[PDB]
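Here's a solo chain for you in structure tokens, the form deposited in one PDB entry.
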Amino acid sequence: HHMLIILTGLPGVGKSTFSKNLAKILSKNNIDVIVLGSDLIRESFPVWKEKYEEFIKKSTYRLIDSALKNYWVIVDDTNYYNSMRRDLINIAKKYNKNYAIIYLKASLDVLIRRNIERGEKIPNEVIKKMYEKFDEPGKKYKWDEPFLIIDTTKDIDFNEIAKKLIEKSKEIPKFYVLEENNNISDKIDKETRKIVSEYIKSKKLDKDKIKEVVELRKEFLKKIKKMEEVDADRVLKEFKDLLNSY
């Protein structure tokens, strides 16, 4: 069906650009997609202020969440922390939708250069620190491993990428658990095991004979799971008797 696309990468690596191109392709593919990012709101404020961020984070997540109920969502954001990427995944987990992390990278070189061409709104010094404190996706959690790693300096086959994503959208997202396909059959197993250990201690057996006692139980148990009705007490005696006449 539809899925959540999480982007991750340092400022200026080309995330927003990426989003719009990827978004157009996906459209041509008859896929309703929307690009959401914290900036949408953050930049709706004439000025920036630390106190705004709480609201911004909350407002952004709400959009993604409500948007993910009906459309493909490409999250255009830094997500330089893994716990952020997690938060975004829990949204897809919540609506049981497939999710794909796309990590865009580029050498600090290209980043500093592009930031200078932007007026250096964000001090080069910051860009440098972020590059260092950035959480390499996949390095800590397997759920964090990137479905793709894109190098914005080289070409990009948006058609191939769109193809791969669509195919993953069709897969089954197993976020938590499943079952595929008793007590008495089990109690006989456990008990016979203890009985065999008792017999082995009372006869001070050697390696050779013990292996027969073990095979003796194996044969015994096989003969029993063939019989329909069985009683713990009864069987356990037939076993002890079998061991005594060994």
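The term rigid core refers to the maximal set of C-alpha atoms that superpose within 1.5 Å between the two forms. A residue's number is simply how far along the shown sequence it sits, counting from 1.
In what follows, reference is made to the form deposited in another entry, a form of this protein that is not presented.
With the two forms aligned on the rigid core, which of the residues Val213, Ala67, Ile31, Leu40 moves its CA by 2 Å or more between this form and the one not shown?
Per the superposition, the moving residue is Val213.
Take the rigid core as the frame of reference and indicate whether the C-alpha of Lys204 shifts by 2 Å or more between this form and the one not shown.
Indeed, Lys204 is displaced by 2 Å or more.
Given a core-based superposition, decide whether the C-alpha of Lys58 shifts by 2 Å or more between this form and the one not shown.
Superposed on the core, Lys58 moves its C-alpha less than 2 Å between this form and the one not shown.
Checking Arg234 here: with the core superposed, does its CA move 2 Å or more between this form and the one not shown?
Moves: yes, 2 Å or greater.
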